[PDB]
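Residue numbers (the deposited numbering), protein chains in the order written: chain B, 1 to 203, 218 to 420; chain A, 1 to 203, 217 to 420; chain D, 1 to 203, 218 to 420; chain C, 1 to 203, 218 to 420.
Working notes, beginning with the structure itself.
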Amino acid sequence: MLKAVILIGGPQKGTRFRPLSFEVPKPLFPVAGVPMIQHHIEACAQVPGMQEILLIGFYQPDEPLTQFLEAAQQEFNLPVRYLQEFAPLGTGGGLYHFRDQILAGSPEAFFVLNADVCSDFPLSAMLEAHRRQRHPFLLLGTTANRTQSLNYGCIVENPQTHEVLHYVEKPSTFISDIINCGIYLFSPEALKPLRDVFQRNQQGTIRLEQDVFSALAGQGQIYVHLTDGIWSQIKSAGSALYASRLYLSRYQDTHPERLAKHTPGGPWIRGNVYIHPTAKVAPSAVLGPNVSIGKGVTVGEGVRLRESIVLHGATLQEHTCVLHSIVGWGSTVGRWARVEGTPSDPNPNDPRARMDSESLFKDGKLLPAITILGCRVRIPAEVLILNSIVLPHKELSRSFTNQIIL
Amino acid sequence: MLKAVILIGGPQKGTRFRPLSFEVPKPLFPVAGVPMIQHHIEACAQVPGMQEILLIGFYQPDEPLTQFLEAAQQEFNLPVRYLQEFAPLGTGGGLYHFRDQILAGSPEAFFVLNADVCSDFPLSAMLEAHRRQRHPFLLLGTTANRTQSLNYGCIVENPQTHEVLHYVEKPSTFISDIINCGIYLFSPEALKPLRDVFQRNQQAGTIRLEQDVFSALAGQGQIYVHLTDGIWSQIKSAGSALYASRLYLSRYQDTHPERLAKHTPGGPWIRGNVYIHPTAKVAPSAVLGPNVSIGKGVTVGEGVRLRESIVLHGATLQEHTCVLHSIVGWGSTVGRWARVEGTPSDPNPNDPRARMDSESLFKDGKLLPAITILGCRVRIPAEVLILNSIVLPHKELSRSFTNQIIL
Amino acid sequence: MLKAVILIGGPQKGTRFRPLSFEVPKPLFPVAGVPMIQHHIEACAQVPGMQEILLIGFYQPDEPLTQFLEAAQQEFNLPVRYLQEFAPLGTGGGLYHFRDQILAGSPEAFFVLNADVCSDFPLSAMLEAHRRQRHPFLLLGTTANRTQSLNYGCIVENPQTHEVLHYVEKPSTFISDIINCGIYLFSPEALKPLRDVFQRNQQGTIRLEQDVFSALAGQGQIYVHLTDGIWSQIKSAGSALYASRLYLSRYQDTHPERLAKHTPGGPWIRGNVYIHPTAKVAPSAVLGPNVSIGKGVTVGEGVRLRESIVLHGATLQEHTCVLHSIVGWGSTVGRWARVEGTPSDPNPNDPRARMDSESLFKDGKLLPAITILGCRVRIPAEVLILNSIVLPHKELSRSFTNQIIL
Amino acid sequence: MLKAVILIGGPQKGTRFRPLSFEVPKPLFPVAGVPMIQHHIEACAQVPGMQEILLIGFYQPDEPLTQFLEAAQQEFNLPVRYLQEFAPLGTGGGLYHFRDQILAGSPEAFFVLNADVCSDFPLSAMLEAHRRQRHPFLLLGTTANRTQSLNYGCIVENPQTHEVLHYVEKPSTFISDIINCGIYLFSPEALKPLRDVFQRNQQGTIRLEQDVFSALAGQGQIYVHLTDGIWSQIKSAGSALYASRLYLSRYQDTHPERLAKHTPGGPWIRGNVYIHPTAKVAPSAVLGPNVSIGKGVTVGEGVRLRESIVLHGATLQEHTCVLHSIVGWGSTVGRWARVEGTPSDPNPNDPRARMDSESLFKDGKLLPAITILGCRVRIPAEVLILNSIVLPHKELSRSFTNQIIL
Ligand SMILES: Nc1nc2c(ncn2[C@@H]2O[C@H](COP(=O)(O)OP(=O)(O)O[C@H]3O[C@H](CO)[C@@H](O)[C@H](O)[C@@H]3O)[C@@H](O)[C@H]2O)c(=O)[nH]1
Ligand SMILES: Nc1nc2c(ncn2[C@@H]2O[C@H](COP(=O)(O)OP(=O)(O)O[C@H]3O[C@H](CO)[C@@H](O)[C@H](O)[C@@H]3O)[C@@H](O)[C@H]2O)c(=O)[nH]1
Ligand SMILES: Nc1nc2c(ncn2[C@@H]2O[C@H](COP(=O)(O)OP(=O)(O)OP(=O)(O)O)[C@@H](O)[C@H]2O)c(=O)[nH]1
Ligand SMILES: Nc1nc2c(ncn2[C@@H]2O[C@H](COP(=O)(O)OP(=O)(O)OP(=O)(O)O)[C@@H](O)[C@H]2O)c(=O)[nH]1
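As structure tokens, then:
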């Protein structure tokens, strides 16, 4: 038997995902219709031998997290527990702090997944490689562009034994095309270096990449497993859109009943579109590629929706165009209003993609990105929101362009 | 018997041109050490015969609002009540909706005061002009620059009798250089035209006071002006509040000489006018430049240079930091050798009586360089420059930011 | 042109409904399936000429109240406005304070409705009796039992013209057997006495019963309209149970699709039972008379449910017996656990009924009434909760009998 | 070098016997004027060598507990740290789970204190007994009656070497007069038997008294240090009033500036009375024995206060008699109002006897005990509140006797 540890963050790691995170926690943001960690729990309960799923984070258990945990426990036939760490303990410090609960029942190995990644999660093939080799650390790696790889944790390996010889968390200079994916397979022996790291701290917070992956690289403990299935990070509020698009593309294999079909008496559907059943979509509303509709969403007639997330309880009145946007919970977009953004994906194989920095401005100018509307934002009739971020509970009366509307 | 009505706004109507804060209500923001409406309440409770003080707004009753009401009631031994509207009723709709509460006790007159002004508040001078005149609407007006007069309520008066003949609220072309200060003396008959505006609509109860009652009743012998020479500013932006802080710390030299910070050469070096709370800990090596206001429980380390800044309560500035032109929010930490700097929004010093322009956070799609705002519980790391940035509340930074809005 | 003023209270009004008012406000408590005031709103929106519904209370407008407001505005196609008062102004002082908002549009008349009452709401009959004579106050009245009438507002009338000669709010002896129903029809002239009352307090708070009805009774202003329909007050937390019984009896005539039908496929039912469509009920559940089931309720195989109210998200495991109880939101009753109460209907006509005090204890013993479980109370297996009150978020381990579990 | 673990509870633990106060946590309740665990932190920081104080519990960190931690760190010049358990873990499971934080820095011994005890805390005496023999467990023992000891953990000791030969936690018939006090002194080897318990549950929650003390008794690890200082459990509200009395008696010998002297320009003061400096007490108020006033309390002219606690912000108007009560914070008692409770104190006929904790309900009947007025409870003028429990945010309007007013 095995178990999974999904490292969800806490409220400080959700600061970068801020317009969206004001209402829900970041790991519960619905990416292609289901919350962000439900893709992880989906992929982990698909593995034969999964006993437990242990979320580690420093979120307080509010109503949405505990209701999600009970819903995941019923839907996925597993005990899904939430281990709240007493302090922000870094990446590996919460795995070392909870080692008695992780190793309870003596699992053969355990997965360690970052909650902010979108992946196909090739957990079975990682397990095949681990049961072949039996090493302390198995990392998942992807190939990136040489220019984009500097935004990520670079891995220099040995292409015959697949041993990580070098690891650097964000190098200024080129190191390697292999980037860490935030998916790991630890054996129980892997909790013995972390102990050492913690003991060296006494002369509690352990960063897994800077203190364990970069230290034991080349000593025989850390190994790679490569893929090139889908992979994305979700850091800012608008990388949720790229993650949603990748997931809606892989629903063509894993859940094709989530994807909506045209059915000539209904709304006109291009590309991959998720529509929740509670949503009412008018038959003249064409829903373009990579759209996901939340529950309780009333989409009026003639509404064009392309490359967007419309969250729960939102309302798009007649003849609206919503492109590359995230319409928040309960937001209302009046008739002939245009909410337009600019596509900006992380995409580590795109040589023109931005670094996904925390600074949204270059020199006073807001860089063109996804248009985020917070919850309860009333966009008036006949008005354009272009490349803007609107903070929650803001009733607007005016056209806004390249602005953060506080 | 006189009473006072302070029109405080509400959660959406604040519309912060560049935010002073995010989590405390805008009337309770400390300008020159004390909350923005406590200057109004001091000025009103100094007036003899003033019985009651009413705050009309549509803020929900949170805890800071209630504890400020109790603190003001205890400090001035006046009733200070908060009449909350069922909706945003505009500038005159809350006066018409609460006219039985306003006119209970039968006052001789009532002062209507905008919450977001910094004023000398010559309430006895307006009171004496009105006791000589006995007119329905008396307005305090100042003198504006010709270019900047278009942002305020402009007044064509008659200079012999001091009667408003024409009123435009926010013009596009110049009509006058007299501007409405936002301070009014109302007779108990001034509620009688407000009713008329309501009955023009009912043929709910929103009445813009300046656009419906002042713009349309001018020239009819009903509105009169009282021209003043003292300090006056509008407090809308963050730089507008730093300017109001400078004006009020100037006026503290002859109203509250105990409130300013003297040198005390065992203690911190004081340049200019500085307010320090008695509970704040300021290390003796820290030099505190002009127009600095320190809240309660603020810890200031050694060698801290504070110049033209508001440091709200609970904030900790560690050693060797430089905070200039900033509003360090409550509970915010600035670590060693960090520099939190903003750009001053100073009036045009070549021109007579330029008041202030309030920056609108974006000029033409570009972010404007202005005051640096740190939100509540913002952590600035050691050895980091924050320049012209707004850091949203509860955000631990890790690098130097320049001309950002860090969410 | 008519409108309706529904006097919902505030939190101090709803403290008498304490186990259940921790979660939702009292007017939004679901009685026979829908919230308490949606009965009033639906019964006003069938009056020809009804143009506005105003809710006057001192509840702060949090998320559930404005969700209810928008949902009713869409469901009944009427403007449902909420008028929050600056201070708790009594029963009539909030009508006097909001007079310009009520008298807007020059309405012919307006119905004042207390939120706590359960009624058939005979609004058209009061309307016709008003249009025949046009008096300042029309009161709705019922005949009570001579013993029970001392607990209510008694109206001494003249039996010919039906004009009030006397009003006493809580009598000491028998004054009359006609009691005040909390349903009123006001002409626009009715605010001319209220103003007088307000001025008499200056040389704000106005009790409509004690300051307006007690004074103008016998002076030719107040008239009565006797009715025979179902009438109840919902003061205590378990008078909602008797109200839901009366409303589920009215549902046979007014909304017959809300009741459940005996079918081979699902559970078998005796008497009037409301089951929500999103509620999963097992076929071996026997849902006895006067039972309301909320959305998301799982009712296990073998559950006996009789004279109860189950609320949204609650779980009853197999073989449980729930009788005369109210099961709060998300509560869990484990298997073979029995949640029993004693019927305690307010019942003015009945001569046996309790006086409905705010006490609940007689001589140190909790008087036997409805067993209320609060929000998310977890009840273990094989345990008895008999005549008890469990405050919310309690995980019991024991049998409890005639207690309050704090 | 030593440190001190105080085992504060969590929200489910410690609310059952009676409610001292509904809103602030049980460890933050002011017993004799200062919070309940400030007596522990006082006694612990007064011990030479004490480097840290840890608070192990499962309360979520809110502004009361965080603000108290800041205040205590500032006052006592120690680091005072709250360690939140991820789950309720028992009285030994939190000690074992946070063993890397407790044993960090090499303490030579650490105290473990139950948060709900009144004691003089002879920590230097226990430390002198431990520095002379260096055993894994040192327990504080008191003597109890031969019918009260069934309610405590009983210790059969050796009269000469003071070694526990038997431990029983809640016996059914009489075992020993020596009872466990909830004050322990652990050596760093004492976290080695705890690990031995933990693995034996593998085939996290560790009870200290039932798994560690009761099963290692007689092997050479658990010893006793007998005393006869002040001692009490603080479980119910009568327990809190009595522990306030014991601490106010000890304030004569330790903090004599806390007790209130006469000051003939002030109130009349009988017995031991703590008054906060920020409180406002009229000169005509007679403050009887064992009263403690919180901060910002206005006390009117002619108030009688006897055997009572008045929390921060409460106003008692003129001529009120508050006897044997806890007036919660922000409460208001009107003119000529009586708030009375009945004390079921220690036996007058037995020297040995402790305080029995009543359990809110005995023999199906609500017991006459301390009157608890909750937070912002408004008691009207000329109203008697006898033996009642008024739940928070309640305005009453009449007299009540032997109730729980919801
Ligand atoms: N009760 C209530 N108060 C309000 C509302 N809206 C604004 N207020 C408060 O009423 C005052 C009026 O502000 P604004 O309506 O936003 O206009 P303004 O830009 O401040 O202009 C007014 O004051 C200027 C002086 O600074 C004048 O120049 C101008 O003529 C006008 O009087 C402010 O204190 C505002 O907070 C409302 O809907 N209800
Ligand atoms: N961290 C943590 N602390 C806890 C937990 N459970 C209880 N505590 C704290 O541990 C202390 C006592 O534990 P209890 O087990 O609830 O106490 P008791 O049954 O009433 O009796 C205890 O004290 C008596 C003397 O006061 C003793 O006789 C007895 O042996 C035991 O220590 C209290 O401060 C309680 O808040 C827990 O799960 N986790
Ligand atoms: N449980 C838990 N998870 C965390 C914590 N910190 C980070 N994580 C998770 O692990 C991922 C790592 O994020 P970061 O802490 O930013 O580290 P990084 O991805 O290597 O990038 P850098 O910021 O350059 O260090 C986060 O996206 C979270 O999913 C933590 O303190 N506790
Ligand atoms: N808006 C508003 N509504 C109120 C206020 N007080 C009561 N109400 C509502 O109006 C109705 C009258 O309340 P009650 O005074 O309790 O009715 P009652 O039957 O005369 O009195 P009791 O049953 O003895 O408590 C109730 O439905 C309340 O919800 C108030 O101050 N403001």
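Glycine residues also receive a C-beta, built at the ideal position from the N, C-alpha and C atoms.
Does residue 378/A get closer than 7 Å to chain B when you measure Cβ to Cβ?
-> yes
Quick one: using the 10 Å Cβ neighbour count with 16 as the cut-off for buried, is residue 20/A buried or exposed?
-> buried
What are the partner residues of residue 247/C, as DSSP defines its beta bridges?
-> 117/C
Does the segment 52 to 65 of chain C come within contact of the segment 19 to 34 of chain C, defined as at least 3 CB pairs closer than 8 Å?
-> In short, these stretches touch, since the Cβ pair count reaches three.
Host alpha helix (DSSP H) of residue 201/C (start-end) | 191 to 202
Under the criterion of a Cβ to heavy atom distance below 6 Å, does residue 115/D qualify as lining ligand 4?
-> yes
Any heavy atom of ligand 5 closer than 6 Å to the CB of residue 372/B?
-> For ligand 5, the structure offers nothing, since it holds only ligand 1, ligand 2, ligand 3 and ligand 4.
Cβ separation of residue 298/C and residue 316/C, assumed to be a contact under 8 Å, to the nearest whole Å | Their Cβ separation, rounded to whole angstroms, is 5 Å, which keeps residue 298/C and residue 316/C in contact under 8 Å.
Distance between residue 330/D and residue 418/B (C-alpha atoms, nearest Å) | 49 Å
Are the beta-carbon atoms belonging to residue 253/A and residue 369/A less than 7 Å from one another?
-> yes
Enumerate, from N- to C-terminal direction, the unbroken alpha helix (DSSP H) stretches of 4 or more residues contained entirely within the segment 85 to 142 of chain A.
-> 90 to 97, 99 to 102, 123 to 133
If you draw a straight line from the alpha carbon of residue 332/B to that of residue 64/B, how long is it in whole angstroms?
-> 32 Å
Mind checking which residues open and close the beta strand (DSSP E) that includes residue 255/B?
-> Unbroken run through residue 255/B is the alpha helix (DSSP H), 253 to 264; no beta strand (DSSP E).
Pull up the CB-CB distance for residue 223/A and residue 91/A, whole angstroms please, since I reckon it's below 8 Å.
-> 6 Å
Any C-beta of chain B sitting closer than 7 Å to the C-beta of residue 83/C?
-> yes
Check whether the Cβ atoms of residue 334/B and residue 309/B sit closer than 7 Å, and answer yes or no.
-> no
9 Å Cβ cut-off: residues of chain D touching residue 68/A | Within 9 Å Cβ-Cβ: nothing; residue 68/A doesn't reach chain D, min ~17 Å.
Who are residue 50/C's beta bridge partners in DSSP?
-> DSSP output for residue 50/C lists 2/C as bridge partner(s).
is_contact[residue 91/B, chain A] using C-beta, thresh 7 Å | no
Would you say the beta carbon of residue 13/B comes nearer than 6 Å to a heavy atom of ligand 3?
-> yes
Classify residue 35/D as buried or exposed, calling it buried when 16 or more other Cβ atoms lie within 10 Å of its own Cβ.
-> buried
Own chain partners of residue 227/D with C-beta closer than 7 Å, once the 5 adjacent residues on each side are dropped = 167, 236
Where the segment 313 to 341 of chain B meets chain A: residues whose CB sits under 7 Å from a CB there = none
Starting from the beta carbon of residue 416/A, find every residue of chain B whose beta carbon is closer than 8 Å, and list them in chain order.
-> 375, 377, 378
Residue 235/C: contacting residues in chain B (beta-carbon distance under 8 Å) | Under the 8 Å cutoff, chain B gives no residues; its nearest Cβ is about 23 Å from residue 235/C.
Neighbourhood of residue 37/C by C-beta distance below 7 Å, restricted to the same chain and skipping five residues each side = 6, 8, 27, 115
What residue from 174/D, 50/D, 233/D has the CA that sits closest to residue 78/D's CA?
-> 50/D
Compute every distance between the C-beta of residue 394/A and the non-hydrogen atoms of ligand 3, then say whether any falls below 6 Å.
-> no
Exposure label - residue 276/A; buried when at least 16 CB within 10 Å = Looking at its Cβ environment, which holds fewer than 16 other Cβ atoms inside 10 Å, residue 276/A is exposed.
Ranges of the beta strand (DSSP E) found wholly within the segment 278 to 357 of chain D, counting only runs of at least 3 | If we require 3 residues or more, the beta strand (DSSP E) runs fully inside the segment 278 to 357 of chain D come out as 287 to 289, 305 to 307, 318 to 320, 335 to 337, 339 to 341, 352 to 354.
Where residue 303/B and residue 385/B are concerned, what is the direct C-alpha to C-alpha distance, given to the nearest angstrom?
-> Pairing residue 303/B with residue 385/B, the inter-Cα distance amounts to about 17 Å.
Assumed close pair residue 239/C, residue 144/C - CB separation to whole angstroms, cut-off 8 Å | Wrong, their Cβ atoms sit about 16 Å apart, outside the cutoff.
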